[PDB]
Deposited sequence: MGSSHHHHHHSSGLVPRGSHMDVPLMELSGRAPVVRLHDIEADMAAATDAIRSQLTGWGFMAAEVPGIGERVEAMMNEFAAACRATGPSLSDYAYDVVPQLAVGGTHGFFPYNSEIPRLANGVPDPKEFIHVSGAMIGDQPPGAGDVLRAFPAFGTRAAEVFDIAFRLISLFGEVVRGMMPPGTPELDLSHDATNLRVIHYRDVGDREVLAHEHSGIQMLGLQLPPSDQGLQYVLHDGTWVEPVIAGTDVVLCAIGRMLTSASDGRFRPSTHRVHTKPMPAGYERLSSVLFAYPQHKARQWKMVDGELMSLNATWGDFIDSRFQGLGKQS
């Protein structure tokens, strides 16, 4: 599989000028989606933060004292309506939702128990959520006039961090892949050929179309199907709208509100 270099080629988006750099990068981002099926930006400083976070997750996964499995999803308080956050033991991974970061109560205890990791995760979540919200404003701008705002939900969005680890797409609106520890993640182009973005140990983030946005755009943007081939840590933000909010579609240029909710889409 061919390597796809993105350092020095994707638009630069600085941590302290995110909104204005993403405005400048709009046309480049639109042409990536048009021409590749996924999106990319280089965020100087992000890799340093993500590496520290992943390395602290790996140390936490080996904690014999307060253990991460003390915060397995089935012993963590969950929202009545929403996804499942917390730790998923063994390949082993954690879902840090925006609700968790706001302690929505006891749900935040895994971050009090592992606060070095938890502080990085909250920081990376905040950066990733601002980026991914602006990626969604770009995609909205490519859709017909009268397309609603994506209304990504802080609380319903989660950051996944994976320790030990087939072609697939996310079910959510957008995914933002953060620089992994190792190469192996691969994306398919519009012509069915696979590329391996060069992202391990970089500052490059990849933004993926998920199936909710494929549906909301009525198939205009295919999901950014991807896979992982190995020769290990990784994190990705999964952005969701409010589960109880009403589905919509832009069908043939015209806005349709459906009865089904975004929660129903997941089920």
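Student: Could you list the ranges of the deposited sequence that have no C-alpha atoms in the model?
Tutor: The deposited sequence has unmodelled segments at 1-22, 113-126, 141, 203-211, 278-284, 321-330.
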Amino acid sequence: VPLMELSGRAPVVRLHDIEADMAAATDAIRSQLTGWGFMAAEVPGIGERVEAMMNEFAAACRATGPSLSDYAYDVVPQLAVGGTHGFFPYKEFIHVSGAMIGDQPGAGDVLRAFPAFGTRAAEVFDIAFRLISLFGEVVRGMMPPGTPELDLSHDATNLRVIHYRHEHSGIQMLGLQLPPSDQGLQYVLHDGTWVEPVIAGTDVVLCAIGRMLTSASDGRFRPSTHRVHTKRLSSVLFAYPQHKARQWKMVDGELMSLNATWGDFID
From here on, numbers count along this sequence of modelled residues.
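Student: Would you determine, from the values in the PDB entry, which of 238-246 and 50-58 has the greater average C-alpha temperature factor?
Tutor: That would be 238-246.
Student: Could you check the entry and say whether 91-99 or 143-151 has the higher mean CA B-factor?
Tutor: Higher mean C-alpha B-factor: 143-151.
Student: By the entry's C-alpha temperature factors, tell me which of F117, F125, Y164, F135 sits highest.
Tutor: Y164 has the highest C-alpha B-factor of those listed.
Student: Which third of the chain holds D109 when residues are ordered by C-alpha B factor: lowest, middle or highest?
Tutor: Ranked within chain, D109 CA B lands in the lowest tercile.
Student: So where's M173 on the chain's Cα temperature factor ranking, which third?
Tutor: Its C-alpha B-factor belongs to the middle third of this chain's values.
Student: Which third, lowest, middle or highest, does the C-alpha temperature factor of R232 belong to within its own chain?
Tutor: Tercile = highest for this residue's CA B-factor.
Student: State the tercile, meaning the lowest, middle or highest third, of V81 with respect to the CA B-factors recorded for its chain.
Tutor: It belongs to the highest third of the chain when residues are ordered by C-alpha B-factor.
Student: In terms of the chain's CA B-factor thirds, is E42 lowest, middle or highest?
Tutor: Middle third - that is where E42 ends up once the chain's C-alpha B-factors are sorted.
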